[PDB]
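See structure below.
Below, read A as the first sequence line, B as the second, and so on, with proteins coming before strands; counting in each chain starts at 1.
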Amino acid sequence: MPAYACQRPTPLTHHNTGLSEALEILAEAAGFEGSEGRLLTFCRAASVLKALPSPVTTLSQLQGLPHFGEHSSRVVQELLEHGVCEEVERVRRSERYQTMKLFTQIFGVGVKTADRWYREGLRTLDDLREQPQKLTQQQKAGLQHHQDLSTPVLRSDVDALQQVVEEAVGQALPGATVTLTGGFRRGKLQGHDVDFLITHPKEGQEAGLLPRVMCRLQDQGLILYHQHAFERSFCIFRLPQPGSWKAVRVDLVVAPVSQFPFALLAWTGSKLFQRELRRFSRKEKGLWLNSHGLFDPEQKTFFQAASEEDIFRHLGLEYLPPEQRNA
DNA sequence: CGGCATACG
DNA sequence: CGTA
DNA sequence: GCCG
Ligand SMILES: O=c1ccn([C@@H]2O[C@H](COP(=O)(O)NP(=O)(O)OP(=O)(O)O)[C@@H](O)[C@H]2O)c(=O)[nH]1
Ligand SMILES: [Cl-]
Ligand SMILES: [Mg+2]
Ligand SMILES: [Mg+2]
Ligand code: NA
């Protein structure tokens, strides 16, 4: 078992679901406390279990696995022996965990804002609604639409959205393309949002595109919230439903075609997969990876990729299709 | 011990 | 600060 | 919290 998540296939569904979920609770709780390092270790341990070919049944099966030391091994031991880990259950029912989870789930609220509200005594969404002067416009939208945004987006919903985005994109710049990215590209059947990547085959034509797309979607009555020269948009869309509609989060990113492989890689995820890939690139290969390119800081050159396959090859990694990037 | 991904709105 |  |  390699130490980096980008060195091993991780399927969406696997054989250690309960164990990985427990470790991910501890990872989330570590993030609520500001402990990025412990969040990373618990996430990495969870992801190792997702990559295994069969269920862990005995503690000895953790020996030699990366990211399993005394703490994560103890968690697994207790789940195997008793079906429950006392530390995990203590987190799950703690007021701090439940409130931070509730607040950070709001679009426009991160850990720092959630923690400040917690320390001020706030505990519920109605507590926030009663003092709307303290909310940004983004947070007001997140709070108004919170119920709809809490319901999973269905893969059945995604086709209809992609069609309306393509219509606006085609009027804004004929020949521009729309690619589904994020979790749905990795094979997920549900999601918290829909992520799209937009480009054009002629380098440079994509400049200035996203404002033109957003204006056209807003004119068609489809935008419930957006932030407005930009290249990323984090929107709330009106999605039709039988006799009505629902609010859905939609992310749009524009990239030049020269950067498209890097952008596709970066926005397909998973989040942990990309963090691990960027860490691998920098620490093992001495190359700096981001959503725009791959930089050799010694030669001061960028690697010209024509595909995701090119990028894996330049990093000396076996190619993983999106469905195996579910770290 | 240092390090933990990266950038745009 | 928020977001991906 | 764990790796190197
Ligand atoms: O912090 C982040 C968040 C997101 N991303 C990148 O942006 C992609 C989309 O970010 P996302 O927040 O839409 N997550 P996704 O994997 O689509 O699952 P879901 O919760 O169902 O929407 C992720 O899969 C990563 O590739 C990052 O690189 N860093
Ligand atoms: Cl990214
Ligand atoms: Mg998504
Ligand atoms: Mg998204
Ligand atoms: Na949030």
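A:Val253 comes within contact range of no nucleotide atom at all, as no heavy-atom separation falls under 4.0 Å. Residue A:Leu277 is out of contact with every strand shown, counting any heavy-atom pair closer than 4.0 Å. Among the heavy atoms of the strands lying under 4.0 Å from A:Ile106 are primed sugar atoms or P, OP1, OP2 only; no base atom is included. Heavy atoms of A:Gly110 sit under 4.0 angstrom from primed sugar atoms or phosphate atoms, though from no base atom.
Between the P atom of B:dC4 and the CD atom of A:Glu284 lies a distance of 12 Å, rounded to the nearest Å. If you take CD of A:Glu28 and P of D:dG1, they are 17 Å apart, rounded to a whole angstrom. Atoms CG (A:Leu272) and P (B:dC4) sit 15 Å apart, rounded to a whole Å. Atoms OH (A:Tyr225) and P (B:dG9) sit 13 Å apart, rounded to a whole Å. Per the geometry, CZ belonging to A:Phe42 stands 10 Å off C1' belonging to D:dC2, to the nearest Å. When the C1' atom of B:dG9 is taken as reference, atom CZ of A:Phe230 falls 10 Å away, rounded to whole Å. Rounded to whole angstrom, the span from the CD atom of A:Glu276 across to the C1' atom of D:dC3 amounts to 11 Å. Nucleotide B:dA7 holds its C1' atom 15 Å from the CG atom of A:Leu265, rounded to whole Å.
Note on A:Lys283: a side-chain N or O is less than 4.0 Å away from OP1 or OP2 of B:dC4. For B:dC8, neither phosphate oxygen OP1 nor OP2 lies less than 4.0 angstrom from any side-chain nitrogen or oxygen of A:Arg232. At B:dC8, one or more side-chain N or O atoms of A:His292 fall inside 4.0 Å of OP1 or OP2 (strictly under the cut-off). Phosphate contact (OP1/OP2 of D:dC2, side-chain N/O of A:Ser72, threshold under 4.0 Å): present.
Comparing B:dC4 with C:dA4, their P atoms are spaced 23 Å from each other, to the whole Å. Straight-line distance between the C1' atoms of D:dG1 and B:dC8: roughly 30 Å, to the nearest whole Å.
Each salt bridge (charged side-chain N to carboxylate O under 4.0 Å, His left out) pair with one or both residues in residues 170-189 of chain A, not counting sequence neighbours, appears once here: A:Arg185-A:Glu308.
With hydrogens and angles left out, the side chain of A:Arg282 and the base of B:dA5 share no donor-acceptor pair within 3.5 Å.
Residue whose closest nucleotide on DNA chain D sits further toward the 5' end, between A:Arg44 and A:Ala3: A:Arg44.
For A:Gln241, there are no side chain to side chain donor-acceptor pair (under 3.5 Å) partners two or more places apart in sequence or in a different chain. Listed by chain and residue number, nothing satisfies the side chain to side chain donor-acceptor pair (under 3.5 Å) test with A:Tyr118 (two or more places apart in sequence, or in another chain). Every residue two or more places apart in sequence or in another chain that forms a side chain to side chain contact (heavy atoms under 4.5 Å, CB included) with A:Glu21 is listed here: A:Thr17. Not a single salt bridge (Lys or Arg N to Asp or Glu O under 4.0 Å) links A:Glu231 to another residue, sequence neighbours left out.
Checked against B:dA7, B:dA5, D:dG1, the side chain of A:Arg275 finds its nearest nucleotide in B:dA5. Of the candidates D:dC3, D:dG1, B:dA5, the closest approach to any side-chain atom of A:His67 belongs to D:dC3. Checking D:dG1, B:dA5, B:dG9 against every side-chain atom of A:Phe234, the shortest atom distance belongs to B:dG9.
The pair A:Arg313-A:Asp310 counts as a salt bridge, with a side-chain nitrogen and a carboxylate oxygen less than 4.0 angstrom apart.
No side-chain heavy atom of A:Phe234 sits less than 4.5 Å from a side-chain heavy atom of A:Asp193.
Using bins of under 30°, 30° to 60° and over 60° for the plane-to-plane angle, the ring pair A:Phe303/A:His314 lands in the parallel bin.
Along DNA chain C, the stretch of nucleotides lying under 4.0 Å from any heavy atom of chain A spans, 5' to 3', C:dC1 to C:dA4.
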